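Next come the chains, spelled out residue by residue.
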Amino acid sequence: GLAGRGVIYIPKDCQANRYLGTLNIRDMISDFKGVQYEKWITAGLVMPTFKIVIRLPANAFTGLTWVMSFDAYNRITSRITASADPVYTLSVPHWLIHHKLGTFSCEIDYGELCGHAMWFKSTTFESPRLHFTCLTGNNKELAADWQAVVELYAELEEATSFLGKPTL
Amino acid sequence: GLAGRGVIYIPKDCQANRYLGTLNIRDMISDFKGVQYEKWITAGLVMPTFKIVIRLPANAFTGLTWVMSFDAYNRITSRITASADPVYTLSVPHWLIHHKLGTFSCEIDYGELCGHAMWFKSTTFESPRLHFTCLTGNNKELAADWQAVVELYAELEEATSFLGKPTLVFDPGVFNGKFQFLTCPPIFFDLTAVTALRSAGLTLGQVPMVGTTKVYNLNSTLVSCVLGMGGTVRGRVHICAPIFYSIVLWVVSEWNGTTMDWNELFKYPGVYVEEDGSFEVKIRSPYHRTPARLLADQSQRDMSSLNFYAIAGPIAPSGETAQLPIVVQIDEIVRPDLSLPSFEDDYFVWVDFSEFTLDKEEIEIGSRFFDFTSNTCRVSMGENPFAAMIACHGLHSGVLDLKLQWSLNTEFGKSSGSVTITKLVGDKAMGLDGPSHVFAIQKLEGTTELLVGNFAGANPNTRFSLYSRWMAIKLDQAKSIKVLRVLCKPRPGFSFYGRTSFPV
Amino acid sequence: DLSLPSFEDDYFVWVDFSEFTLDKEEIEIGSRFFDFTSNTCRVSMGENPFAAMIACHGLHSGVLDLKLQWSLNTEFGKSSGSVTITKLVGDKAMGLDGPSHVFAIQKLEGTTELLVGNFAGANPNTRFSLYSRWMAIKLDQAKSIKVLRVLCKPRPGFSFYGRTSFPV
Amino acid sequence: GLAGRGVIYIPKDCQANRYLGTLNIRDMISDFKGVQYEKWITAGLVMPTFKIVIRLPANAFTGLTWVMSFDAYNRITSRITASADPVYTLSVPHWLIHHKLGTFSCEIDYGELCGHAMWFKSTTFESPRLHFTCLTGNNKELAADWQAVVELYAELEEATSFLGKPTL
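Residues numbered from 1 in each chain as written, not as in the entry; some residues may be left out. Chains lettered and ligands numbered in written order. Part of a larger assembly, values for the part shown. Heavy atoms only, no water.

As deposited, the entry is annotated with X-ray crystallography as its determination method and 2.700 Å as its resolution.

Take a look at the structure:
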């Protein structure tokens, strides 16, 4: 079920390479707080399979494409908050979000994309982030500022091991 | 085949609530004149099944939505010709016409929606109209004025009876939970807002208003037959805007205001709406039901509401300015949790007469159930579902059992005279004498039956002159009476024809 | 080894009104079975198992058949007016008209039914505001009445919820 | 699972008729907050079957007996907060807790003992309380003040009706 949520603010003039924001995955779940958050406290460690949903009004008249970057180890954050070069945002696991397709969804198997289980009380190594950036801009500015909603769905259960299976 | 036709003229700037025009159904057929019109003359009476087609260039770049209102009894015409409030246009059988879908078509079974057969030579009760109004306006004006074509298709054959089959038969203990023609007026979202809330009340028995005018309609009347309801609202949402506008809605039910915490919001059981489609939302309440009507000083938001949260959008290209309209239709309460019926199979007040100024008072009833007036005494009319059902149909027919009760103004020992019920067939001047009854005033109560109907088989909700039984109440010592109360209880099978509305 | 039941399936006293000081007296019942008060007449409440059962539950619901009886204070030949039962759905201000009933005072008795309940389905043993049927007894010549007695007899299925107690 | 909890404070000299405290059932669940509390928010209405557990060191050398009174309609609260007469505490559904038996447990079928379903956001009629009182005192005072833990276990699921089945 819904485990956490957050909001990304889109300026009326969303140009290529605009940083839109960063959501902190653990904060989304703890600020929500949360049937899943509460199951997590009891489990201690979780290795979730998240379904991420970005709710987003479909529109074919803008040309907007965004990138969601999964930055589990906080490697690109510092370098994209002023301006997000696609070389950075595309250098970690990521998904293209096309405006024409509207509401977007993907699976993040935290076991694979991340590798280590999450501890209810505090971050272990670094804090896992989702970055939202604009890859291709709108053909002309839109009528007004707007927002998109980011949602995390999961059925959190107790993790049996600290470590995932090796990506490589 | 084609039986009649007409034209609706659309202004280049078609704004919400613009009245576009009224077509008179019988005139469409007679001005055409017409293989069908000619078959009609021979038949005398017809109970058509019409296919109505509105020819209309499909266009996804305007956001225009129109309403065609079937007004068989001419109930809303006078009130929409300057400006058409959706409360009126949606209060009778109606159809949404979306510009993106282009040419529109529907069936009107005149037997059901109307109730009485049409006479080739002249209108019988009132003249059946089709109204065309704009429900949601164009995002920006179009290039030029234009027109749409309305067409009637039918294979007219001779009608065997004057009366259709009754749309509704009076029963207090029966409100199913399925609705027809329950459309909420448009809800609007500004694009200058990053998020927003629009509430729709679920106190469905509440009578809708336009300024100071009450618009009685069948749906609110039906709901008033119940104390309250819970369950799941099944409906449809229509997003009435150009392809280049879009929005994402979180639709959920809340009780007594709304939470201010976005996180709580999404812990409730709602549904997401991105585009035209159906929806099911559980009615949310501490009592699991929301009341059918409001008491004094209460607001519809104090109870259960259907809330529409804009969580992403609406968005549009620059420089659009129009709001994004959402039109909600409610089809039924599924898996309903109903309260008790508000009324039992029992009597209810029709009218109280009091404050008599003359000893001789004679109240003509005839064969009608209706609102009385008097210059010589005070009339207090009862308000209840039955009376509204009468007001919300074109025709009705049945039998009322009456109970009369009265109390004295003067000392009992000094009392004399009677409450006399005159029962004739015909009229006062040439009528035959039926079961007239003299109740000596000391009885202080009496009973009688009233036929609501006539030789044709049904009454309109207006004055009319059709041979029937005829009743009157005669008082000879009225100043001795403090109050005369008349209650009625419809006999099984009391019938209504042609759902419509009644503005006052 | 039980005795006879103390009560039969019969009416019992709910309330006696007497010693009326004003000709106009209007007693609001609404949808409740409860203890009346008045500044303008004397109220004498009945005490019996039914009333205690109402007092010893959190919620109750059902239908009461009512019998009203009265006797005159003034000479019969001089009497006028009525005991009127107002029956609405809603409230006095915006209510729909039900089976209201005008009992000429010379009838000296009348009957009616009272729904004890509301749209939610049950009443607490306190004041509350929940849409329901609504009843009142209207007197226009109360000073002519020596006593107005209201008896009630619960229809089968009168229900109680949540056993509790009631200190006074 | 555990749905809420609270604490009762026992004085070293626990005499007959000492009022020990009142736990508010809905507060226990909302202060805990709570996998069950969060399921409740989603359900709106719950008709729980609670298992109540009072954790309590078994002791055969005191003679202490307490009463837990289920006061769903807040009928005795006002009259027991200074001193709790057993006539009040035993006048609503209640359980005897004997010190010799230690940790105590019972079931409260909220459908029966209460009658109406609970609304996540606020109290409907009155707020359901558990009262803790001393029925028989300690033979002599104990060594020091102490405490007992009260716990609510339930698997909250959505209530289909407002009303239970009638107790009577």
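So that's the structure; there's more coming.
A few words now on the overall build of chain C. Helices and strands together make up the secondary structure of chain C, namely one helix and twelve strands. In sequence order, the secondary structure elements of chain C are arranged as β-β-β-α-β-β-β-β-β-β-β-β-β. Here chain C has a C-alpha radius of gyration of 17 Å; the compact-globule value for 168 residues is 15 Å, and the two agree. Counting only C-alpha atoms, chain C reaches 50 × 45 × 30 Å along its principal axes. Within chain C, the fraction of its 168 residues that count as buried is 59%. Here the analysis covers contacts within chain C between residues at least 6 apart in sequence; of these, 76% occur between residues at least 24 apart. By element, 49% of the accessible surface of chain C is carried by carbon and sulfur atoms, the whole surface being about 7600 Å². Computed over 17 positive and 19 negative side-chain charges, the separation of the two mean positions in chain C equals 3 Å. (Helix = DSSP H or I, 4+ residues; strand = E, 2+ residues; numbered from the N terminus. Rg over C-alpha atoms; globule rule 2.2 N^0.38 Å. Buried < 20%, exposed > 50% of the residue type's maximum accessible area, 1.4 Å probe, protein only. Contact = heavy atoms within 4.5 Å. Areas by Shrake-Rupley, 256 points an atom, 1.4 Å probe, with all protein chains shown as cover. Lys, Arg positive; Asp, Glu negative; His and termini not counted. Charge placed at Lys NZ, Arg CZ, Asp CG, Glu CD.)

Evaluated as defined, the whole model comprises nine cavities of 30 Å³ or more. When its volume is computed, the largest cavity comes out at roughly 200 Å³. Surrounding the largest cavity, 18 residues form its lining, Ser342 and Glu344 of chain B together with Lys87, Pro99 and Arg133 of chain C being those nearest its centre. At the level of elements, β5 (82-89), β8 (109-116) and β10 (133-139) of chain C are the ones that each hand at least two residues to the lining of the largest cavity. Among the residues making up the lining of the largest cavity, the classes are represented as nine nonpolar, four polar and five charged. Considering only enclosed or pocket space, the second largest cavity measures out at about 90 Å³ in volume. In terms of lining, the second largest cavity is formed by 13 residues, of which the most central are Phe170, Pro172, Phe343, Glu344 and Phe348 of chain B. Here the lining of the second largest cavity is composed, by residue class, of eight nonpolar, two polar and three charged. Of the domains in this structure, domain 1 (1-342) and domain 2 (343-504) of chain B are the two that each give at least three residues to the lining of the second largest cavity. (1 Å grid on protein atoms, 1.4 Å probe; cavity = no way out; pocket = protein on both sides within 12 Å on 5 of 7 lines; lining within 4 Å. Points joined across faces, edges and corners; volume = space filled by probe spheres on them. Nonpolar A, V, L, I, M, F, W, Y, C, P; charged D, E, K, R; others polar. Domains from an automatic or database assignment.)

As a further point, take the nonpolar core. The biggest cluster of nonpolar side chains holds 164 residues, and the ones touching the most others in it are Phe308, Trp350 and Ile473 of chain B together with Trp66, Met68 and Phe70 of chain D. A per-element tally of this core places strand β17 (residues 246-255) of chain B first, with seven residues. With sequence-adjacent residues up to four places away left out, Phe70 of chain D is seen in contact with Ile25, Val92, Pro93, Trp95, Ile108, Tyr110, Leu113, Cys114, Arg129 and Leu130 of chain D. By size, the runner-up hydrophobic cluster in this structure holds 46 residues, among which are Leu23, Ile25, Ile29 and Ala154 of chain B. (Core = buried A, V, L, I, M, F, W, Y, C linked by side-chain atoms within 4.5 Å.)

This part covers the pattern of salt bridges. For the structure on display, the rule yields 33 salt bridges over all chains. Between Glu151 of chain A and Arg55 of chain A there is a salt bridge, and its shortest N-O distance comes to 2.9 Å. Of the two residues, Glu151 of chain A sits in strand β10 (residues 146-153) while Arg55 of chain A sits in strand β4 (residues 49-55), which places them 96 residues apart along the sequence. Neither residue differs from the other here; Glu151 of chain A and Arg55 of chain A are each classed as buried. Through salt bridges with shared partners, a single ionic network connects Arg55 and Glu151 of chain A together with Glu274 of chain B. (Salt bridge = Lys/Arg side-chain N within 4 Å of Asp/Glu carboxyl O.)

If you look at the interface, chain B gives 45 residues, while chain C gives 38 residues. In total, chain B and chain C occlude about 3300 Å² of area from one another, counting both sides; carbon and sulfur atoms represent 57% of this. Three residues stand out in chain B for area buried against chain C, namely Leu227, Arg293 and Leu295 of chain B, and they jointly supply 19% of the buried area on that side. Linking chain B with chain C are three salt bridges, by the criterion used here. Across the salt bridge formed by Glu344 of chain B and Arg133 of chain C, the nearest N and O atoms sit 3.2 Å from each other. Linking chain B with chain C are 19 residue pairs in polar contact. Secondary structure elements with two or more residues in the side of chain B that touches chain C: β20 (290-291), β23 (348-354), β26 (393-408) and β33 (481-490) of chain B. Its residues assigned to classes, the side of chain B that touches chain C shows 22 nonpolar, 13 polar and ten charged. (Buried area = accessible area lost by both parts, 1.4 Å probe. Polar contact = N/O pair within 3.5 Å; in protein donor to acceptor, adjacent residues only side chain to side chain.)

With respect to the element layout, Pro341 of chain B can be found in the loop between β22 (324-338) and β23. For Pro341 of chain B, a relative accessible area of 25% translates into the label partly exposed. Put simply, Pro341 of chain B and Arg289 of chain B are 52 residues apart on the chain and 14 Å apart in space, counted from C-alpha to C-alpha. Non-local contacts of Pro341 of chain B, meaning those with residues more than four positions away in its chain, are made with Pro172, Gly173, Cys225, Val226 and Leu227 of chain B together with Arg133 of chain C.

All right, on to the packing of helix α2 (residues 35-43) of chain A against helix α2 (residues 35-43) of chain D then. Contact geometry of α2 of chain A with α2 of chain D gives a least axis separation of 8 Å together with a crossing angle of 170 degrees. Relative to α2 of chain D, the element α2 of chain A is oriented roughly antiparallel. Our pair here, α2 of chain A against α2 of chain D, has a crossing hand that is left-handed. Where α2 of chain A approaches α2 of chain D, its residues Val35, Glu38 and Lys39 of chain A are matched on the opposing element by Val35, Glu38 and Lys39 of chain D. Partitioning the contact of α2 of chain A with α2 of chain D into residue classes produces two nonpolar, no polar and four charged. (Axes fitted to C-alpha atoms, helices over the stretch in contact; angles between N-to-C directions. Parallel < 35°, antiparallel > 145°, perpendicular 65-115°, else oblique. Left-handed = near helix turned anticlockwise from the far one by under 90°.)

Glancing now at the interface of chain C and chain D. Between chain C and chain D, the contact holds 22 residues from the first and 22 residues from the second. Between chain C and chain D lies a buried interface of about 1600 Å² when both sides are counted; carbon and sulfur atoms form 65% of it. On inspection of chain C and its partner chain D, the count reaches zero salt bridges. Counting residues per element, the ones that place at least two in the side of chain C that touches chain D are α1 (49-55), β4 (57-72) and β12 (159-163) of chain C. Grouping the amino acids of the side of chain C that touches chain D by side-chain chemistry returns 13 nonpolar, eight polar and one charged.

Attention now moves to the pairing of strand β5 (residues 65-71) of chain D. Residue and element names in this part refer to chain D. For β5, a buried count of seven out of seven residues is recorded, marking the element as mostly surrounded by other parts of the structure. Burial along β5 is two-sided: the residues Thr65, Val67, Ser69 and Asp71 and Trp66, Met68 and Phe70 are all buried. Examined bridge by bridge, β5 and strand β6 (residues 94-98) share five bridges and lie antiparallel to one another. Within β6, the position partnered with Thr65 by the bridge is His98. Pairing of β5 with strand β9 (residues 129-136), which is carried by seven bridges, proceeds in the antiparallel orientation. The residue of β9 that forms the bridge with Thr65 is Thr136. (Pairing = 2+ DSSP bridges.)

Moving on: the arrangement of the chains. When the five pairs of chains in contact are ranked by number of contacts, first place goes to chains B and C. Separated in space, chain A and chain C share no contact, their closest pair of C-alpha atoms being 30 Å apart.

Residue and element names in this part refer to chain A. Spatially, β1-β10-β4-β7 is the arrangement adopted by the four strands of the open sheet, whose pairing is antiparallel. Among the strands making up the open sheet, the edge pair consists of β1 (2-10) and β7 (104-109). Each strand axis lies, on average, 20 degrees off the axis of its neighbour in the sheet, ignoring direction. With eight bridges joining them, β1 and β10 adopt antiparallel strand pairing. Of the residues in β10, the one forming a bridge with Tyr9 is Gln147.

Residue and element names in this part refer to chain A. The final tally for this structure, using the stated rule, is 56 aromatic pairs over all chains. A centroid spacing of 5.9 Å and a plane angle of 75 degrees characterise the contact between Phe70 and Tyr110, whose relative ring orientation is edge-to-face. Of the two residues, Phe70 sits in strand β5 (residues 65-71) while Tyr110 sits in helix α5 (residues 110-113), which places them 40 residues apart along the sequence. Given a relative accessible area of 2%, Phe70 falls into the buried group. Taking relative accessible area as the criterion, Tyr110 reaches 1% and is therefore assigned buried. (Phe/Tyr/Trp six-rings, centres within 6.5 Å; stacked < 30°, edge-to-face > 60°.)

Side chains of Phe61 of chain A together with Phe61 and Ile243 of chain B sit close together on the surface and give an oily, nonpolar patch of about 280 Å² of accessible area. Inspection of the secondary structure assignment puts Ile243 of chain B in the loop between β16 (228-239) and β17. (Patch = residues over 30% accessible without salt bridge, like charges linked within 9 Å, V, L, I, M, F, W, Y side chains within 5 Å.)

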